[PDB]
Each structure stands twice: as C-alpha cells, then as structure tokens.
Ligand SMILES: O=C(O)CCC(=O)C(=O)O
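Next up is one chain by itself, shown in structure tokens, the form solved without the ligand.
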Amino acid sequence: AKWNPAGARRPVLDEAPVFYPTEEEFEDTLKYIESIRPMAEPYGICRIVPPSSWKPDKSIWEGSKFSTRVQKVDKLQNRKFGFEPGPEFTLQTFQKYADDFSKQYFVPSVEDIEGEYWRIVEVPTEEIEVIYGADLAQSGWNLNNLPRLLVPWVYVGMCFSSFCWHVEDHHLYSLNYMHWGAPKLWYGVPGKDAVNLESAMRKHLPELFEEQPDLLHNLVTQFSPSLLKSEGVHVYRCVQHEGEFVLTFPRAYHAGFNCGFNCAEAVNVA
C-alpha cells in the first residue's frame, strides 16, 4: 500500500556509543574489542567505524542464487508461526524487486522510514509483506578469520525486513559488517536488562507466550522500544551505514530492521 507520514511512530531513544579505531587499534581485533569492552558493554550494543586504511563481481551477482523467507511486517507484534518460504533470487533480481518496493511504498530519510516501520508493527493499517535472504587484512575484521583466534553467515534484506529480538546463542557476541546497501537500524538492551525485556514482554503480550512458551528463542517477535521504554527498559539505537560494524555484547538483546536493499555478514564469538 503506502507510507503515512503523520502516523509515524518513531521511538525516542539514546544513541548507542560509537567507536572510531585507529590503524593500530585496528590491527588486532580481539584486542580492540577488549579495548572498548568496558565503555561499550553497559549498553549491550555499539557501532565501530573503521579507519581510512580499511578496504573490503559479475556472476556472484548475476548467477549466484539464494532463498528468501516471507515476513508479515504488520504482524510482527500484534497478532491473535514463522516466516514461510519465499522465492529464490540472485542479488541482481532481489535488488530489482527490493528497490521497486521502496519506490512504490513511498526519497525518505532514516527517520522517515524508522517512524514508518514502527507504525506498521504497532499500528498497521494494511498487510505489508517483505522478503529476506538469511544464513547464506589478515585481521579478524575480515569475519572469516575470527573462528581461529563457528562460521560467518550472510544476509540480504530490503526496506522493512527485520531481524527480531533475541540474545546470541550462548554468551557470544555477534560482530556485524554491512558490506553494501542501505542502513540497518539496530536496537540494543544491556545484559543486566535482559530480565526487564522478557519480563516486560510477558507483561504486555501474555497471550502469545501462552501458546508459544518459547518465543524468545523464536526470533519471530518484534517488541517496540517505545513500549520497553515504558516499563523502564534501556533501549539504545544505532544506525549501521555501508562499511561499519555493529557489536552486540554477550547476553545482550538485539533487534533492528533494514532501510532498503542491503547485504551483510556476521559471526558469533567470545
């Protein structure tokens, strides 16, 4: 259907802390992270922008296929049991589909979208369905390298494809590198506030725990940060542009959604 600019319900949050490593700090990954750990860990999430030194094909694009999964944005929070299969795409065709979608639904800002996005999930006025791929130097910032010093997985998403609220598998971190595409919005709740997050979600959404006692391990539910905030939970926002990492700390709760066609990669680690 279409964008509604006055029904925009954009959440008022504080900004996640942003870190700007230097060329040395950036030569050892595990170290630099240990470096900032103390200052970043109290938020649950942080955004690390690489120095200038850093630097990251016509067939992986046009030929390399992958499958998608269908998401009912408008029923990610309010509904009375997962994302069914979607079509298969190449990067090429998935972009053509993703970009049409944005062109038609609405060029908007990150705030224009964000506030639309939440509108859709808190207060939908029509069904809206989206698609997403998922689970497809020398320094561990080249994610494939970390497992040494567990494997790096890849995502494609479009405007409004979201990754819901979870906490990493064990007590892992999750390091994430936006390769190319539009901004990914994040939302992070600090570990010591895990209780408040699920305690708050049982509170306002009893029903669904009823019939799915294990939602929190489902990754199919998107709680609104405005409403967490209501029950005194600390949600920190942050926007991951092309070529910046996001770092979820252990036991830390994390959701967000893409602002348009983008393509990412993450790895767990402790």
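In this text, residue numbers run from 1 along the sequence as written.
Keep in mind that the form deposited with the ligand bound is not shown, yet the notes after this line are about it.
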item: 4.5 Å heavy atom contact with the ligand in the entry with it bound for all of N4, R10 and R119; value: no
item: Answer option from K75, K192, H171, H166, heavy atom within 4.5 Å of the ligand in the entry with it bound; value: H166
item: Position in contact with the ligand when the complex is considered in the entry with it bound, options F101, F89, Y155, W141, heavy atoms within 4.5 Å; value: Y155
item: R251, heavy atom within 4.5 angstroms of the ligand in the entry with it bound; value: no
item: 4.5 angstroms heavy atom contact with the ligand in the entry with it bound for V269; value: no
item: In the entry with it bound, segment of 158-166, 92-100, 108-116, 196-204 with a heavy atom within 4.5 Å of the ligand; value: 158-166
